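Report on the structure given below.
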Amino acid sequence: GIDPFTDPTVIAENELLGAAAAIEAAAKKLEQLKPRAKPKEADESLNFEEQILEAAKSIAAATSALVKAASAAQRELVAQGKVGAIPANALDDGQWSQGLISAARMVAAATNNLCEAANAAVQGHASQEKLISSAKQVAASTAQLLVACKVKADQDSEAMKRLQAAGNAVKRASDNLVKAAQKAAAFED
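Sequential numbering from 2294 applies to the sequence shown in the deposited numbering.
Now the structure itself:
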């Protein structure tokens, strides 16, 4: 945090928190989404908006937990001094830091775009193509953020334990979101 050398790895932590805040804000907007649910004569199998609402939050919660876990795993390496958390060796860590940082903005954008895709779905503009495509991008981008943490960090670390599970949840939730999107689409095969 407040280190006397502004180590590049710590610089990344700040960026990860910034990304987290951005994701959690989208997650917040996700909770502000009112589904097409009214006490009227609408007995259909179309609770799509709700099935998306839950899963959007499942991603939102998992994604935010993931980026915070990345920061955690990274920070563990910083505290121990096993990553390159020294400006004099920043040539090595800086490329890991920027790699993690860029990947985080990748997951941030992907997960944010999914928020926009879900935003349409909940409100009535059901776009299975947009939703599924973005979900696969979310899962791929976000789960790859774990791959970046697999670099430098050890997998059996508890910070990584939480990290791995959170990233897995993104893929799992995105799958479910895809599955649910398929329900609101007519693909007779």
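We put the beta carbon where it would ideally sit given N, CA and C, even for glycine.
Should residue 2295 be labelled buried (16 or more other beta-carbon atoms within 10 Å of its own) or exposed?
Indexing the sequence shown from 1 puts residue 2295 at position 2. So residue 2295 counts as exposed.
Could you check if residue 2341 is buried or exposed, using at least 16 other CB atoms within 10 Å of its CB as the buried criterion?
By 1-based counting over the sequence shown, the position of residue 2341 is 48. Residue 2341 is buried by the Cβ-count criterion.
Distance, Cα to Cα, residue 2444 vs residue 2360?
The residue given as residue 2444 occupies position 151 in the sequence shown. The residue given as residue 2360 occupies position 67 in the sequence shown. Distance between residue 2444 and residue 2360, taken at the CA atoms: about 15 Å.
Kindly indicate the opening and closing residues of the alpha helix (DSSP H) around residue 2317.
Mapped onto the sequence shown, residue 2317 falls at position 24. It spans 2301-2324 - the alpha helix (DSSP H) in which residue 2317 sits, taken as one unbroken run.
Please determine whether the Cβ atom of residue 2385 lies at a distance below 8 Å from any heavy atom of the ligand SAH.
Only the bare structure without any ligand can be found here, which leaves the ligand SAH out of the picture.
Please list, in chain order, all residues of the same chain as residue 2453 whose beta carbon is under 6 Å from its beta carbon, the five residues on each side excluded.
Here residue 2453 corresponds to residue number 160 of the sequence shown, with the count starting at 1. Around residue 2453: 2366 and 2446.
Please report the straight-line C-alpha distance between residue 2354 and residue 2408, rounded to a whole angstrom.
Counted from its first residue, the sequence shown places residue 2354 at position 61. Counted from its first residue, the sequence shown places residue 2408 at position 115. Going from the Cα of residue 2354 to the Cα of residue 2408 covers about 12 Å.
Alpha carbons only, please: which of 2421, 2416 and 2406 is nearest the one belonging to residue 2435?
Translated into positions along the sequence shown, residue 2435 becomes position 142. Cα-wise, what sits closest to residue 2435 is 2406.
Does the separation of the CB atoms of residue 2323 and residue 2412 fall below 9 Å?
What you label residue 2323 is simply residue 30 of the sequence shown in a count that begins at 1. What you label residue 2412 is simply residue 119 of the sequence shown in a count that begins at 1. Yes, these two residues count as a Cβ contact at 9 Å.
Over what stretch of residues does the alpha helix (DSSP H) that includes residue 2341 continue unbroken?
For the purposes of this step, residue 2341 is identified with residue 48 of the sequence shown, where counting begins at 1. Note, residue 2341: alpha helix (DSSP H), 2341-2373.
Would you say residue 2430 and residue 2396 are within 9 Å of each other, going by their C-beta atoms?
Along the sequence shown, read from residue 1 onward, the residue named residue 2430 stands at position 137. Along the sequence shown, read from residue 1 onward, the residue named residue 2396 stands at position 103. No, the Cβ-Cβ distance between residue 2430 and residue 2396 is not below 9 Å.
So, with DSSP's three-state summary, where would you put residue 2422?
On the sequence shown, position 129 is the one that residue 2422 refers to. It is helical.
Going by the beta-carbon positions, is the gap between residue 2414 and residue 2356 smaller than 9 Å?
Residue numbering aside, residue 2414 sits at position 121 when the sequence shown is read from its first letter. Residue numbering aside, residue 2356 sits at position 63 when the sequence shown is read from its first letter. No. Outside cutoff.
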